[PDB]
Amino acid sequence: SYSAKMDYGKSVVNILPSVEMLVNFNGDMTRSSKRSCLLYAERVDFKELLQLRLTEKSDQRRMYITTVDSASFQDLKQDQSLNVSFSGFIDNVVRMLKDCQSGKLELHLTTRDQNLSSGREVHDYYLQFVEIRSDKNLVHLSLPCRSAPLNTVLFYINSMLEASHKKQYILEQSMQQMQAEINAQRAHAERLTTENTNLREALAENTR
């Protein structure tokens, strides 16, 4: 299947550092679940394009992707009566993700209520930012979310693997240039300090 990949190199901007988040899975609390996920939020610098990736921590192959561009954003702006520009939208989204971290908000992943007569749609989920209230819970933003197809998933997990390997290389080489200190400084310490243990005996004969 087809899905937007954020393969834009240096133009990819992390709008928020990747974090672990407790996410709600679906509507009815008797049939729902709360799972530990990993959220990745990034945009493109040269064009209006935002992608939010949600992975289940236990199996990052379980990926849910939300991609909103200019047109999509216009549809969202109309449907949800948003009073912001694309940049202000990004600001709001970031802010709300941080609120979901602090617990001020809750991130939900709701199955879209589908049936045979409503035709067919690409997005089978909604990524919702919900405020728990004592009168009625309030949904601040509802984004069309998709179950990532294998090609895209494989792209992100492969990329993550490569990044992990590069990081391991940087770590082990940052250890390697430092690993000379552990073989030089203790060899300068435990073997050459004996000239001090024997110097006191030299001082002993001329101590009076």
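In case it trips you up, residue 1 is the first one in the sequence shown, and so on.
- For the segment pair 97-105 and 112-120, the entry gives 112-120 the higher mean B-factor, averaged over Cα atoms.
- As the entry records it, the average C-alpha temperature factor is higher for 86-94, out of 125-133 and 86-94.
- Comparing C-alpha B-factors across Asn14, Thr193, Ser11, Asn24 in the deposited entry, the largest value falls on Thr193.
- Across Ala163, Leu171, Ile157, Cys37, the entry's maximum B-factor at the CA atom is seen for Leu171.
- Ranked by C-alpha B-factor against the other modelled residues of its chain, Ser70 falls in the middle third.
- Ranked within its chain, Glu181 lands in the highest third, by CA B factor from the PDB record.
- Split the chain's modelled residues into thirds by C-alpha temperature factor. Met175 is in the highest one.
- Among all modelled residues in its chain, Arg61 ranks in the lowest third by Cα B-factor.
- In the deposited entry, the Cα temperature factor of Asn151 places it in the middle third of its chain's modelled residues.
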